[PDB]
Amino acid sequence: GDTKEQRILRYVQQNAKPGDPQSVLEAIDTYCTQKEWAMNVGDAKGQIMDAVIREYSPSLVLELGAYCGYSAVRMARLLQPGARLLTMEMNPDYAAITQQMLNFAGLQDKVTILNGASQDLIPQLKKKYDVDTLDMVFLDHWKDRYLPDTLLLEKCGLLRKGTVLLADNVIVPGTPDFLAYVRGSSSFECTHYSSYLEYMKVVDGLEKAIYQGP
Ligand SMILES: Nc1ncnc2c1ncn2[C@@H]1O[C@H](Cn2cc(CNC(=O)c3cc([N+](=O)[O-])cc(O)c3O)nn2)[C@@H](O)[C@H]1O
Ligand SMILES: [Mg+2]
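193 is the number that the deposited numbering gives to position 192 of the sequence shown; each next residue is one higher, with no gaps.
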């Protein structure tokens with residue numbers, strides 16, 4: 002009784018300043034550097050994420066896997082007014098942590114949390130949420146869903162030329178099938194950003210894959 006995710010949030014509520022997203026991010030990072038490792042994107046990879054976001058200024062972002070709401074907070078705090086983030090989370094407990102994390106950050110009005118698995122929700126985006134195409138996609142869910150969900154996004158017509166895919170953990174725990182596909186495919190221009198597994202000295206990285214169209 003009493004999960005790590007609940008402890009992380011409790012620490013944020015005690016040490017972070019309400020309505021200040023930088024503060025919420027620093028609290029989580031501190032908690033996870035000092036007390037318990039947890040699978041947030043972390044500040045090192047979060048900084049690359051920030052740079053990618055500022056470059057494209059997406060109006061509509063889709064995130065796969067929210068977890069505690071760390072990357073959701075990172076991204077939604079950089080979004081222009083009227084720009085939105087959709088985040089898919091299959092575990093209702095983590096989704097609740099995320100909602101409260103975003104509420105504390107004062108970012109709740111920029112984000113919609115979708116409850117359910119990506120494979121079930123993605124085919125419903127156009128019909129049930131009036132989504133034309135996506136400006137950007139952050140992949141941070143089950144590693145072996147990266148490729149299937151990409152092909153699924155393409156099938157559902159959610160990708161246009163210019164859609165940026167940003168994938169966490171392509172080295173650790175690794176997504177070798179996703180990497181071979183986007184790199185080998187002329188439908189994706191790919192950039193690797195070398196970095197470190199969150200809160201550790203193990204080499205990890207993000208992959209940016211830009212859809213070129215059919
Ligand atoms: N199909 C899915 N649809 C929606 N949400 C999903 C799905 N699969 C997992 N999630 C969510 O990802 C979050 C966190 N997560 C991520 C994974 C797969 N990713 C990792 O395991 C991971 C693992 C490490 N690691 O092992 O060092 C480091 C990282 O940065 C990671 O993202 N499992 N739970 C959880 O909230 C879970 O509900
Ligand atoms: Mg990750």
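Every residue gets a Cβ at the ideal spot worked out from N, C-alpha and C, and that includes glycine.
Counterpart residues of residue i in DSSP-defined beta bridges
i, result
"residue 196", "205"
"residue 137", "62, 165"
"residue 189", "212"
Cβ-Cβ distance between residue i and residue j below 8 Å
i, j, result
"residue 39", "residue 28", "no"
"residue 67", "residue 32", "no"
"residue 22", "residue 73", "no"
"residue 207", "residue 173", "no"
"residue 79", "residue 51", "yes"
"residue 194", "residue 162", "no"
"residue 69", "residue 99", "yes"
"residue 166", "residue 132", "no"
"residue 159", "residue 176", "no"
"residue 1", "residue 112", "This structure does not reach residue 1, given that the chain is present from 2 up to 215, and the question cannot be answered."
"residue 141", "residue 65", "yes"
Collapsed DSSP secondary structure at residue i in the structure displayed
i, result
"residue 116", "strand"
"residue 78", "coil"
"residue 168", "strand"
"residue 212", "strand"
"residue 89", "strand"
"residue 104", "helix"
"residue 52", "helix"
"residue 19", "coil"
"residue 180", "helix"
Does the stretch 141-160 come into contact with the stretch 177-190, if we say contact requires no fewer than three beta-carbon pairs (one atom in each stretch) closer than 8 Å? yes
Inter-stretch contact at 8 Å, needing at least 3 Cβ pairs: the stretch 34-49 / the stretch 112-124: no
What does the shell around ligand 2 hold, if a residue joins when its beta-carbon is under 6 Å from any heavy atom? 40, 42, 141, 169, 170
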